[PDB]
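Below is one structure, written out as structure tokens; the observations come after it.
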Amino acid sequence: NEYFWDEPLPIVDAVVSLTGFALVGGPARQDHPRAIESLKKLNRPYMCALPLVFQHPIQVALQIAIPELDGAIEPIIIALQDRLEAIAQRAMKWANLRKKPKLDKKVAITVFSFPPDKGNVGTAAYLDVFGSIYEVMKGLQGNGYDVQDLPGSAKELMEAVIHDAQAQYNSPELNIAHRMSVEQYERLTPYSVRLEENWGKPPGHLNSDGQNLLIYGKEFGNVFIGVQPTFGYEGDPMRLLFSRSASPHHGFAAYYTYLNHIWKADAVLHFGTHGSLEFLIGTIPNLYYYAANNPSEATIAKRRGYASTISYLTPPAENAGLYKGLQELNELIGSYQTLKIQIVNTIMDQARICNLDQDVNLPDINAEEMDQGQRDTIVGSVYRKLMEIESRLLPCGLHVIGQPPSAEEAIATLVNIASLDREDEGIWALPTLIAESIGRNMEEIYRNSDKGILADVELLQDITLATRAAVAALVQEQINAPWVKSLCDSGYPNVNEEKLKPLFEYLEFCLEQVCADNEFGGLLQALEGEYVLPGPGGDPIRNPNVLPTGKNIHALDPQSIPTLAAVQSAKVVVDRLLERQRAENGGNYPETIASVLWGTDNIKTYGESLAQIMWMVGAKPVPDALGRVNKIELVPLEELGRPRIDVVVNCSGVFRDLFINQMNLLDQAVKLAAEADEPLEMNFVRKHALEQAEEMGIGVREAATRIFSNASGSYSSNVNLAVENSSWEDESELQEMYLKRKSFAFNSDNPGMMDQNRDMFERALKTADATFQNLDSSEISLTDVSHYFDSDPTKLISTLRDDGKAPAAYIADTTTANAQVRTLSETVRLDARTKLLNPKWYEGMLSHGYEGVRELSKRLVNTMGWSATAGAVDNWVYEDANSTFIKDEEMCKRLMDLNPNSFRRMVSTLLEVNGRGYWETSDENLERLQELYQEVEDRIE
Amino acid sequence: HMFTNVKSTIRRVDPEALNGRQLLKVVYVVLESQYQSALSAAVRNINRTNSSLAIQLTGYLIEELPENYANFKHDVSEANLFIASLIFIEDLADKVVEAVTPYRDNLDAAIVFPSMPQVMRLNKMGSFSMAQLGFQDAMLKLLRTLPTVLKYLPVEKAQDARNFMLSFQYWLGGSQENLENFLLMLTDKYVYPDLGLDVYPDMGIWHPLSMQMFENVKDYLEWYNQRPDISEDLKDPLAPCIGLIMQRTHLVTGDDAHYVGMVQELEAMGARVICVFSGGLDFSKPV
């Protein structure tokens, strides 16, 4: 504030901090609001470079996360030259964004994976790519940028970049923006030779032509829309399991050479659609439009692509609703009521027609020989499953950047915001208040609703409807510029009105942030060489501070989790998991549970899934005076009330990158448990560790190695790549690759040395009785991305176990106040019923056209992944998918015309699940699919 | 009972990889299992984070001393630091002094916390022993007596006695970081002085009998009046109150023996004391 100023004006174009600290520290606890306030006034690009660079993976992980909270850009990832030059050149280029006139600025925008063929599908971006690019182009043009020949629409935009994309008359072909020669190539890219190990001498099959390298895209004045069809690539990850290493082909390198040394872009804009499978961009300022609900992958981009990650809202979430057979059943259950035998028999019949017999226990007994309760609980349990399907809050569509939701299409998002207690802000959820007004506990209703008690299942729905109508009253009254009258009109007149006040005062504030249009504003500020406001990810419902969007989003201080609320919520989930495991399998406790840790959900819940694993082993985090969680301790068996349970923990590469300090804590806890002087029947960790130590000839502590991940620099088991390329022969191949890639053991007694320990990995996995993951959210669910099944060891454990027994598979959901520990199959069915097979969902997607079909195949490809890793997909899922999308001749034609490439993917996927034995169906269906594959093959090729 | 108290089967903690670091060897014999686990946690943490120092820790509970006793004598012989606390068993105690006394000169330091007087006589920190001195309540008794001793000693010997008081306060704290500072303080001052082993506000209020600094008068006086070791005369608002000004650096270094003696002398005379410090050179701010 003193030396960077002179009404005074800034005398600096860009700031590079070399301290490695927060802008505003102290003794202790960084002050980010006062740093943000200062950096906003100065309004310059703020870059930070840790002094560690100019010379303990835990120390690095803790340090690097702090400047990110200040909104810092990272100009860096034996001599000083490369580091000094890297920081200097990027600081200059960032500074040049101010010194350069607006009409001379050249903004490049690269698109990934168009047309959407094979390779990795990427992340759950929920992005209308070309629809968003078009809005960006017009926004730039209408602000003073030289955008020449701006097309008439988004459809016209894609047509300009992808000639005949819909394959009507000629085959789809990408617009060639430039043809650089081998001479020009090798001259401008010094690292060309290092790529010749896998691709040989340029050009080489990829991006040819045959003499020149092809730079796909199209120029529109000072704005260039480019296309990177393939990274170089996914394409059979089995080719890289040995001597061969990964390297992008010449075409991929040639693209960024064009932007750096020929078109000379001043700024590049990417979209967070392919996440961690994206890592040559150079010294040019690198912008990303990342989803607000994906902080974890946004920070990887910050640390691997020197990126500034501007956020966009995911589409306005809607209740999934009920449809077809599910609707008829809802109506059947609806009465009852006034009809109160024969109906219960038909309710059970339609429930079996909807295949709900595998979600709720439906005996072969007739209703005539049941009690009053036996009939009440049957219809009550079927009903609660229907309401779970109907009330699932998920996006049904794609988002266009700069196009915020209306007040109307934000009520559903708002009702769930109102359905969560918040001690500070100091308000209670609407349902709890409504429940309190009639002398009830909202969680007692939840617990009873889970048991299938009709009186409580109906009461839940009534309170839900009362909540789902009251919030809409506040929204409607906001539109024309009342919610208490709605509560009375719903039947709850004794609601604490004192507490109703700050609640709706909060909800109205949230409404403005949901509908705020700051997304394009963030891009401008970045391009103008200004300072973009930093904000937190990721889940708006659980944390409305993620709103509004258009900010440079970040993750959190890895020493701030788990919170006390997180560890308490974790015990509940664990107790629920164990209860469900004892029943239907015991009732003995499992001796070992295999879990996966994702960074994403731990950011959103402040360490819940992390805290679950601590509790399984009987350990607790110990915050210091400053509130930093950097210690851990065992809890006495008296407090645990059950045996310590052994764990096998699969940490994602991303989790390892962001939270290696937590991996350190976990490994400490597990080893403490194994050393505990406790009876073996009370300590399954020690029970196993002792046995393993003898058989391996090592010490107990070393035998207690349970915390694993990818090797440093690596991400995923590559199972997702193999599934997306259909490049594997049998399940043993996938599992072999899993054991090779995921068996790198973390050591809290030697943190820097993460060595492979496949022997320990297998011995630990052999003892697993259960498999466990936490659901991130409804938007990022089991079929929305491929990472879940990628880390899934379910079938692997079957082949490892001597008894060949398949472990029980569970998925925890804490995205609402009603925490559920579902089985894997139950969750897969929930995804199928609410997304792929749901008219409300697929029609919403298809209403965006070309990119809508891509979303369909994505959900279907990931479903196939679950068949390969766990076999958790019921046959009716594929059969119904084939019904609505392929047997329907009208829908089949609509799909093939909208998007030949994505339709081709749906066909082959259905063809594949049958070919491998996951889908049994009539030959008439297989013959039709086999033909449709040829019809679309010809259109494209 | 193991059901209500978490106990460990591990007596020995070794560094995974020595590397280019110096090795500190510590032997403890203790009664409380909590300090066993806290010491171990402190040692394992230092081994995994410190880039110039590694610690080997071997320990036994007093009853375990018969196979173990043979290793005990050998561990003591190679030890830099010897620690003992709450040792109250006649033949057991005698076995301890027999094993320590030969190497009492070899040990860089020998720290015995409230035990049988026979064991207490093993205490040796630099020039300070159980000479020169003129369950939880027993530790407070000895702790509060230490400042009263400082004045009768020369400066260099006073600081040794203060370091003893300091390591005693860390021990009573019992936290993992308390014991880490305990070991690192003992190492830097008596074992590896040339290793350069090296939260404090810019200015504040300090009292030797308080482990935390105070950043305002209110918090300090609140703490002052709750002290059970002082006469009610000191808490009287009409009591003589003397302010002391000192450099923060001597507090963060631990070389504050004469400051501690100054505070004790004033209090002994019936004066309430307010010691301010600053890291800067404008001492008008704390004033």
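Residues in the structure tokens are named by chain (A, B, ... in the order shown) and by number from 1 within that chain; ligands are numbered from 1 in the order shown.
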
* To do: Specify as a list in words all residues of chain B found within 9 Å of chain A, counting only C-alpha atoms.
  =>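 Those within range of chain A come out as residues 2, 3, 4, 5, 6, 7, 8, 9, 10, 15, 16, 17, 44, 45, 47, 48, 49, 176, 199, 200, 201 and 202 of chain B.
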
* Neighbour list for stretch 208-219 of chain B as a ChimeraX atom specification, cut-off 10 Å, only C-alpha atoms, skip fewer than 2 positions in-chain -> /B:143-144,147,162,165-166,169-170,173,199-206,221-224,227,251,256-257,259-261,263-264,274-277,286

May I have the residues from that selection written out with N, CA and C atoms, as a short mmCIF file (atom, residue, chain, number, x, y, z; two decimals), in the first residue's frame?
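As written to disk, out-v4.cif reads:
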```
data_model
loop_
_atom_site.label_atom_id
_atom_site.label_comp_id
_atom_site.auth_asym_id
_atom_site.auth_seq_id
_atom_site.Cartn_x
_atom_site.Cartn_y
_atom_site.Cartn_z
N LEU B 143 8.60 -26.75 41.17
CA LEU B 143 8.63 -25.76 40.10
C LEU B 143 8.73 -24.34 40.63
N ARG B 144 7.88 -24.01 41.59
CA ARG B 144 7.81 -22.66 42.15
C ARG B 144 8.98 -22.35 43.07
N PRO B 147 12.60 -20.56 40.94
CA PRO B 147 12.97 -19.15 40.83
C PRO B 147 13.61 -18.58 42.10
N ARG B 162 17.70 -22.46 35.43
CA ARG B 162 16.55 -21.96 34.70
C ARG B 162 16.16 -22.93 33.58
N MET B 165 14.31 -25.55 35.08
CA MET B 165 12.95 -25.09 35.33
C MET B 165 12.14 -25.09 34.04
N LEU B 166 12.79 -24.68 32.96
CA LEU B 166 12.15 -24.60 31.65
C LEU B 166 11.73 -25.98 31.15
N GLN B 169 8.85 -27.21 33.04
CA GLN B 169 7.56 -26.63 32.65
C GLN B 169 7.02 -27.28 31.38
N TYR B 170 7.91 -27.55 30.44
CA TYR B 170 7.56 -28.27 29.22
C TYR B 170 6.98 -29.65 29.54
N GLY B 173 3.51 -29.55 30.92
CA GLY B 173 2.64 -29.29 29.79
C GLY B 173 2.19 -30.58 29.14
N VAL B 199 5.20 -19.31 18.89
CA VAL B 199 4.48 -18.09 18.56
C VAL B 199 4.73 -16.99 19.58
N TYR B 200 5.27 -15.87 19.10
CA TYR B 200 5.55 -14.72 19.95
C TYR B 200 5.04 -13.44 19.31
N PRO B 201 4.23 -12.66 20.05
CA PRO B 201 3.76 -11.37 19.55
C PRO B 201 4.89 -10.34 19.56
N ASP B 202 4.70 -9.22 18.87
CA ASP B 202 5.72 -8.19 18.79
C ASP B 202 6.00 -7.58 20.16
N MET B 203 4.94 -7.46 20.96
CA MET B 203 5.07 -6.97 22.32
C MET B 203 3.98 -7.61 23.18
N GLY B 204 4.21 -7.68 24.48
CA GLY B 204 3.24 -8.28 25.38
C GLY B 204 3.69 -8.32 26.82
N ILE B 205 2.95 -9.06 27.64
CA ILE B 205 3.27 -9.20 29.06
C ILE B 205 3.75 -10.62 29.32
N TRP B 206 4.76 -10.75 30.16
CA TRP B 206 5.38 -12.04 30.44
C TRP B 206 5.54 -12.29 31.93
N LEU B 221 -3.84 -9.92 34.56
CA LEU B 221 -4.28 -9.73 35.94
C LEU B 221 -5.24 -10.84 36.35
N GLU B 222 -6.08 -11.25 35.41
CA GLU B 222 -6.99 -12.36 35.63
C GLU B 222 -6.21 -13.62 36.00
N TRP B 223 -5.15 -13.90 35.24
CA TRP B 223 -4.27 -15.03 35.53
C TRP B 223 -3.53 -14.83 36.84
N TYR B 224 -3.12 -13.59 37.10
CA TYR B 224 -2.32 -13.27 38.28
C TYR B 224 -3.09 -13.56 39.57
N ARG B 227 -3.51 -17.21 40.80
CA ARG B 227 -2.32 -17.90 41.29
C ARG B 227 -2.49 -18.32 42.74
N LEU B 251 13.57 -13.86 25.90
CA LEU B 251 12.46 -14.73 26.25
C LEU B 251 12.31 -15.86 25.24
N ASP B 256 16.92 -16.06 30.25
CA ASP B 256 16.19 -15.03 30.99
C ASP B 256 16.35 -15.21 32.49
N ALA B 257 17.38 -15.94 32.90
CA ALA B 257 17.61 -16.27 34.30
C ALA B 257 17.54 -15.06 35.23
N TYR B 259 16.20 -12.17 34.60
CA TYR B 259 14.83 -11.66 34.54
C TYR B 259 13.92 -12.42 35.50
N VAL B 260 14.09 -13.74 35.55
CA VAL B 260 13.29 -14.59 36.43
C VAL B 260 13.60 -14.29 37.89
N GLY B 261 14.88 -14.07 38.19
CA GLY B 261 15.32 -13.77 39.54
C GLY B 261 14.84 -12.41 40.00
N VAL B 263 12.03 -10.94 38.95
CA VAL B 263 10.60 -11.09 39.21
C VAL B 263 10.35 -11.73 40.58
N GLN B 264 11.11 -12.78 40.88
CA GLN B 264 10.94 -13.49 42.14
C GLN B 264 11.30 -12.61 43.34
N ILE B 274 4.61 -6.44 36.63
CA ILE B 274 4.15 -6.46 35.25
C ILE B 274 5.35 -6.36 34.30
N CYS B 275 5.78 -7.49 33.74
CA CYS B 275 6.92 -7.50 32.83
C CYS B 275 6.49 -7.39 31.38
N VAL B 276 6.84 -6.27 30.75
CA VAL B 276 6.53 -6.08 29.34
C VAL B 276 7.77 -6.36 28.50
N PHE B 277 7.54 -6.77 27.26
CA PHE B 277 8.63 -6.99 26.32
C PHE B 277 8.27 -6.44 24.96
N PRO B 286 4.88 -0.82 24.59
CA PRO B 286 4.44 -1.66 25.72
C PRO B 286 4.13 -0.84 26.97
#
```

* For residue A:249, work out the shell of residues within 8 Å, counting only C-alpha atoms and skipping chain neighbours fewer than 5 positions away, then give it as JSON, numbers by chain. => {"A": [195, 198, 199, 206, 231, 232]}

* **Those of stretch 108-200 of chain B in DSSP strand (DSSP E or B), formatted as a PyMOL selection string** => chain B and resi 109-113+124-125+128-129

Output N, CA, C and O atoms of each residue in that selection to a file, as a PDB file, in the first residue's frame.
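Listed below is the output, again.pdb:
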```pdb
ATOM      1  N   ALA B 109      23.128 -34.541  29.764  1.00  0.00           N
ATOM      2  CA  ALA B 109      22.141 -34.091  30.733  1.00  0.00           C
ATOM      3  C   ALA B 109      21.392 -35.277  31.334  1.00  0.00           C
ATOM      4  O   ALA B 109      21.113 -36.261  30.645  1.00  0.00           O
ATOM      5  N   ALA B 110      21.077 -35.177  32.621  1.00  0.00           N
ATOM      6  CA  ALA B 110      20.270 -36.180  33.300  1.00  0.00           C
ATOM      7  C   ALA B 110      19.130 -35.491  34.038  1.00  0.00           C
ATOM      8  O   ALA B 110      19.356 -34.754  34.998  1.00  0.00           O
ATOM      9  N   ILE B 111      17.905 -35.730  33.579  1.00  0.00           N
ATOM     10  CA  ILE B 111      16.738 -35.036  34.112  1.00  0.00           C
ATOM     11  C   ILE B 111      15.808 -35.980  34.863  1.00  0.00           C
ATOM     12  O   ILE B 111      15.111 -36.793  34.254  1.00  0.00           O
ATOM     13  N   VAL B 112      15.797 -35.865  36.186  1.00  0.00           N
ATOM     14  CA  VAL B 112      14.885 -36.647  37.010  1.00  0.00           C
ATOM     15  C   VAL B 112      13.779 -35.769  37.579  1.00  0.00           C
ATOM     16  O   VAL B 112      14.030 -34.817  38.320  1.00  0.00           O
ATOM     17  N   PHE B 113      12.551 -36.104  37.211  1.00  0.00           N
ATOM     18  CA  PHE B 113      11.366 -35.428  37.707  1.00  0.00           C
ATOM     19  C   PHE B 113      10.892 -36.156  38.966  1.00  0.00           C
ATOM     20  O   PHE B 113      11.094 -37.365  39.070  1.00  0.00           O
ATOM     21  N   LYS B 124      21.411 -33.731  36.575  1.00  0.00           N
ATOM     22  CA  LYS B 124      22.583 -32.976  36.155  1.00  0.00           C
ATOM     23  C   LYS B 124      22.330 -32.238  34.846  1.00  0.00           C
ATOM     24  O   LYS B 124      22.183 -32.853  33.790  1.00  0.00           O
ATOM     25  N   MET B 125      22.275 -30.914  34.927  1.00  0.00           N
ATOM     26  CA  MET B 125      22.160 -30.078  33.740  1.00  0.00           C
ATOM     27  C   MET B 125      23.230 -28.999  33.769  1.00  0.00           C
ATOM     28  O   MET B 125      23.098 -27.999  34.476  1.00  0.00           O
ATOM     29  N   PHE B 128      24.348 -27.431  37.030  1.00  0.00           N
ATOM     30  CA  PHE B 128      23.259 -27.556  37.993  1.00  0.00           C
ATOM     31  C   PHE B 128      22.968 -29.004  38.371  1.00  0.00           C
ATOM     32  O   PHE B 128      22.828 -29.870  37.509  1.00  0.00           O
ATOM     33  N   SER B 129      22.876 -29.254  39.673  1.00  0.00           N
ATOM     34  CA  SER B 129      22.513 -30.567  40.187  1.00  0.00           C
ATOM     35  C   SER B 129      21.424 -30.387  41.236  1.00  0.00           C
ATOM     36  O   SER B 129      20.821 -29.321  41.326  1.00  0.00           O
TER      37      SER B 129
END
```

* Might you pull out every residue within 10 Å of stretch 521-529 of chain A, with only C-alpha atoms counted and same-chain residues fewer than 5 positions away left off, and present them as a ChimeraX atom specification? => /A:13-14,43-46,93-102,105-107,136,139-140,143,266-269,285-289,308-312,402,549-552

* In terms of the shortest atom-to-atom distance over only C-alpha atoms, which of A:228, A:184, A:727, A:476 is closest to residue A:409? ->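 Between A:228, A:184, A:727, A:476, the residue approaching residue A:409 most closely is A:476.
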
* So which residues of stretch 73-155 of chain A fall under alpha helix (DSSP H) by DSSP, listed as a PyMOL selection string? -> chain A and resi 81-99+129-141+154-155

Can those selected residues be exported to a file as a compact mmCIF listing (two decimals), in the first residue's frame so that it contains N, CA and C atoms?
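part34.txt, freshly written:
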```txt
# COMPACT_ATOMS: atom_id res chain seq x y z
N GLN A 81 18.74 -20.36 -14.04
CA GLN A 81 18.26 -19.76 -15.29
C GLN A 81 16.78 -20.01 -15.61
N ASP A 82 16.40 -21.28 -15.73
CA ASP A 82 15.04 -21.63 -16.12
C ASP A 82 13.97 -21.07 -15.18
N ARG A 83 14.22 -21.15 -13.88
CA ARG A 83 13.28 -20.64 -12.89
C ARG A 83 13.15 -19.12 -12.96
N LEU A 84 14.28 -18.43 -13.02
CA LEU A 84 14.30 -16.97 -13.10
C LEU A 84 13.64 -16.48 -14.39
N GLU A 85 13.97 -17.12 -15.50
CA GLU A 85 13.41 -16.74 -16.79
C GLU A 85 11.92 -17.02 -16.86
N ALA A 86 11.50 -18.15 -16.29
CA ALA A 86 10.09 -18.53 -16.28
C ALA A 86 9.23 -17.50 -15.56
N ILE A 87 9.65 -17.11 -14.36
CA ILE A 87 8.89 -16.15 -13.56
C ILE A 87 8.88 -14.78 -14.22
N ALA A 88 10.05 -14.35 -14.69
CA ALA A 88 10.19 -13.05 -15.34
C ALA A 88 9.32 -12.92 -16.58
N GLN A 89 9.40 -13.92 -17.46
CA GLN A 89 8.65 -13.89 -18.72
C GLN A 89 7.13 -13.91 -18.51
N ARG A 90 6.67 -14.65 -17.50
CA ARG A 90 5.24 -14.71 -17.22
C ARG A 90 4.74 -13.44 -16.56
N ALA A 91 5.60 -12.83 -15.74
CA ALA A 91 5.27 -11.55 -15.12
C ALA A 91 5.13 -10.48 -16.19
N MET A 92 6.03 -10.51 -17.17
CA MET A 92 5.98 -9.56 -18.28
C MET A 92 4.71 -9.72 -19.10
N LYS A 93 4.44 -10.95 -19.53
CA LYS A 93 3.25 -11.24 -20.33
C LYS A 93 1.97 -10.85 -19.61
N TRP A 94 1.92 -11.09 -18.30
CA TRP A 94 0.77 -10.67 -17.50
C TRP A 94 0.68 -9.15 -17.44
N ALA A 95 1.83 -8.50 -17.30
CA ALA A 95 1.89 -7.05 -17.25
C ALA A 95 1.51 -6.45 -18.60
N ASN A 96 1.88 -7.15 -19.67
CA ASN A 96 1.59 -6.71 -21.02
C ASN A 96 0.09 -6.62 -21.31
N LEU A 97 -0.71 -7.29 -20.49
CA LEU A 97 -2.16 -7.27 -20.66
C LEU A 97 -2.77 -5.92 -20.28
N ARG A 98 -1.96 -5.06 -19.67
CA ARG A 98 -2.41 -3.71 -19.33
C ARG A 98 -1.82 -2.68 -20.29
N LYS A 99 -0.54 -2.85 -20.62
CA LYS A 99 0.17 -1.91 -21.48
C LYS A 99 -0.28 -2.01 -22.93
N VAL A 129 -20.17 -25.98 -24.40
CA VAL A 129 -18.90 -25.41 -24.83
C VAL A 129 -19.06 -24.31 -25.88
N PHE A 130 -19.57 -24.67 -27.05
CA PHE A 130 -19.70 -23.71 -28.15
C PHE A 130 -20.74 -22.64 -27.88
N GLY A 131 -21.72 -22.96 -27.04
CA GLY A 131 -22.69 -21.98 -26.61
C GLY A 131 -22.05 -20.93 -25.72
N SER A 132 -21.07 -21.36 -24.93
CA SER A 132 -20.36 -20.46 -24.03
C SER A 132 -19.31 -19.64 -24.77
N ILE A 133 -18.60 -20.29 -25.69
CA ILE A 133 -17.60 -19.61 -26.51
C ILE A 133 -18.24 -18.47 -27.29
N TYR A 134 -19.42 -18.74 -27.85
CA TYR A 134 -20.15 -17.74 -28.62
C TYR A 134 -20.48 -16.52 -27.78
N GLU A 135 -20.94 -16.75 -26.56
CA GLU A 135 -21.23 -15.66 -25.62
C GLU A 135 -19.97 -14.88 -25.28
N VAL A 136 -18.84 -15.57 -25.20
CA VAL A 136 -17.57 -14.93 -24.92
C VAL A 136 -17.14 -14.04 -26.09
N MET A 137 -17.31 -14.55 -27.30
CA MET A 137 -16.94 -13.81 -28.51
C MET A 137 -17.73 -12.51 -28.66
N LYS A 138 -19.04 -12.59 -28.42
CA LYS A 138 -19.89 -11.41 -28.51
C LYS A 138 -19.59 -10.43 -27.38
N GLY A 139 -19.30 -10.98 -26.20
CA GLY A 139 -18.98 -10.16 -25.04
C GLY A 139 -17.69 -9.38 -25.24
N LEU A 140 -16.71 -10.01 -25.87
CA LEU A 140 -15.45 -9.36 -26.16
C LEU A 140 -15.65 -8.27 -27.20
N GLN A 141 -16.38 -8.62 -28.26
CA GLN A 141 -16.66 -7.70 -29.35
C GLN A 141 -17.42 -6.48 -28.86
N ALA A 154 -24.45 -19.94 -31.99
CA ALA A 154 -23.52 -20.94 -31.48
C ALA A 154 -23.46 -22.14 -32.42
N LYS A 155 -24.61 -22.51 -32.98
CA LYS A 155 -24.68 -23.55 -33.99
C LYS A 155 -23.83 -23.17 -35.20
```

* Asked: Restricting the calculation to only C-alpha atoms, which member of B:228, B:1, B:86, B:42 is positioned closest to residue B:181?
  -> B:42
